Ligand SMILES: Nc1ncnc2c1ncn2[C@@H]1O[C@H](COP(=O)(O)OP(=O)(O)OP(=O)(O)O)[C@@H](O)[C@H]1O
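Below, in structure tokens: the form solved without the ligand, a single chain.
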């Protein structure tokens, strides 16, 4: 079946506010005389019982016109994008109607079908018609309904990956999004495309997007693992080989990022995943990818920092060396560096190290001595700076005495180099 009646569903599953907006939009359709459809995600999620609040409307006419007309009768702000004929209309409800012109009896579904044929995968290439006469009408040309029932992910034509290699990543993503499995042929096709080099033939920024989006989905580990299964990892970061070890690290990374988040703040997970993929990169191959995915410029140091002290950290964590020792390794590093370190850890090590950081931001207080104190009265710029990190570290397990401490370590300064006053 190409066509199905889903009106019954609409009324059952759709917030009546939205449902009303759907009826209205369809009526404006009839008045201003243009075919009107919801498309894409909403149609998918509707059939899945998933709640979708984004609303893609496609019209067979002119989005701009359609939009202005619809705004006369709807409360809110209508943003126009004259370039490429689309409009985003934000209501009070805090939601947005997207309207866009269908690429160009009536032929109608030679044109909506052409719009739909342009999408990525079957489950996303469906439409429901809003025009009053055909209100319930589900328009599935490409077996995208069956494919929902079957949990299948499937491109629309052979060149789907050739046209937008970015779908290589997208398809992995929708597998984890809904426990869904890329079907036989599109898998063949996906693999052919990563083999021939279509990724490297897509832009850095578009790739970083869909990658950021994967790391935000369910079970990003599973997705990074599926990327490795298809060997896309390589074709994105050429010196990165997803070995059992990298994998072990990736598993550690993701298992800890949560803890890192609740305890330190926003962890940028695209940057954490990079703390692994990019390990032991060479100055040269670094640049390639830095100046290619627009990365921070200083990542190297933080990466190589952990890269180089990993086993040092590991040794300290063994024997349970007291706490002052590891401070220098962590000092003021990214949250995706804490993450990088944690990627080496599991069991006891991962815990004992956890404690360590918990103090380092925690019992880092250094409450009394301050900075204007110290004018008592040493005059240097870096002395005052050193003096303070010294006392801080005593404190990193020190018992008591906020001041009498800076008097016991000044004992280690007047001797040796220090001196003066």
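Superpose the two forms; the largest set of C-alphas matching within 1.5 Å is the rigid core. Positions refer to the first chain, counted from 1.
Q: Superpose on the core, then say which of 94-102 and 308-316 ends up with the larger RMS Cα offset from this form in 4 other deposited structures of this protein.
A: Relative to the shown form, the greater RMS C-alpha distance in 4 other deposited structures of this protein belongs to 94-102.
Q: Which stretch is more displaced from the shown form in 4 other deposited structures of this protein, 282-290 or 83-91, with RMS over structures and residues of Cα positions after a rigid core fit?
A: Looking at 282-290 versus 83-91 in 4 other deposited structures of this protein, the farther one turns out to be 83-91.
Q: How many residues that are in the deposited sequence but not in the model lie between residue 321 and residue 322: none, 1 to 3, 4 to 9, or 10 or more?
A: Nothing is missing.
Q: Please compare 275-283 with 248-256 and say which has the higher mean C-alpha temperature factor in the record.
A: Taking the mean B-factor of the alpha carbons in each, 275-283 is higher.
Q: Comparing 48-56 with 388-396, which stretch shows the greater average C-alpha B-factor in the deposited entry?
A: Comparing averages over the C-alpha atoms only gives 388-396.
Q: Of the choices 316, 107, 156, 153, which one's C-alpha carries the largest B-factor in the record?
A: Of the options given, 107 has the highest CA B-factor in the PDB entry.
Q: When you compare the CA B-factors of 149, 308, 269, 83 as listed in the entry, which one comes out on top?
A: In this record, 83 carries the highest C-alpha B-factor of the candidates.
Q: Using the B-factors in the PDB entry, rank residue 145's C-alpha atom against the chain and give the third, lowest, middle or highest.
A: Lowest third, going by the recorded CA B-factors of the chain.
Q: Lowest, middle or highest third: where is residue 377 by C-alpha B factor in its chain?
A: Residue 377: CA B-factor falls in the highest third of its chain.
Q: Sort the modelled residues of this chain by their C-alpha B factor and say whether residue 10 lands in the lowest, middle or highest third.
A: As the PDB entry reports it, the C-alpha B-factor of residue 10 lands in the middle third of its chain.
Q: Taking the values exactly as deposited, rank residue 94 by C-alpha B-factor within its chain and report the matching third: lowest, middle or highest.
A: Highest third - that is where residue 94 ends up once the chain's C-alpha B-factors are sorted.
Q: When the deposited Cα B-factors of this chain's modelled residues are ordered and cut into thirds, is residue 76 in the lowest, the middle or the highest one?
A: It belongs to the highest third of the chain when residues are ordered by C-alpha B-factor.
Just so you know, the form solved in complex with the ligand exists too; it's not on screen, but the next bit is about it.
Q: How does the site look for the ligand after superposition from its pose in the bound PDB entry: open, or blocked with 3 or more ligand atoms within 2.4 Å of a backbone or C-beta atom?
A: Open.
Q: Can you pick out, from 275, 173, 249, 235, the residue that has a heavy atom within 4.5 Å of the ligand in the bound PDB entry?
A: Flagged contact: 173.
Q: Ok, 124, 240, 337, 101: which has a heavy atom sitting within 4.5 Å of the ligand in the bound PDB entry?
A: Of the candidates 124, 240, 337, 101, 124 is the one lying within 4.5 Å of the ligand in the bound PDB entry.
Q: Residue 40: heavy atom within 4.5 Å of the ligand in the bound PDB entry?
A: Taking the distances in the bound PDB entry, the answer for residue 40 is yes, it comes within 4.5 Å of the ligand.
Q: Using a 4.5 Å heavy atom cut-off, state whether residue 395 contacts the ligand in the bound PDB entry.
A: No, residue 395 stays farther than 4.5 Å from the ligand in the bound PDB entry.
Q: Could you confirm whether residue 140 comes within 4.5 Å of the ligand in the bound PDB entry, counting heavy atoms only?
A: Result no; residue 140 lies far from the ligand in the bound PDB entry.
Q: Please check if residue 56 has a heavy atom lying within 4.5 Å of any heavy atom of the ligand in the bound PDB entry.
A: Yes, residue 56 sits close enough to the ligand in the bound PDB entry that at least one of its heavy atoms falls within 4.5 Å.
Q: Of these, 319-327, 174-182, 80-88, 130-138, which stretch puts a heavy atom within 4.5 angstroms of the ligand in the bound PDB entry?
A: The contacting stretch is 174-182.
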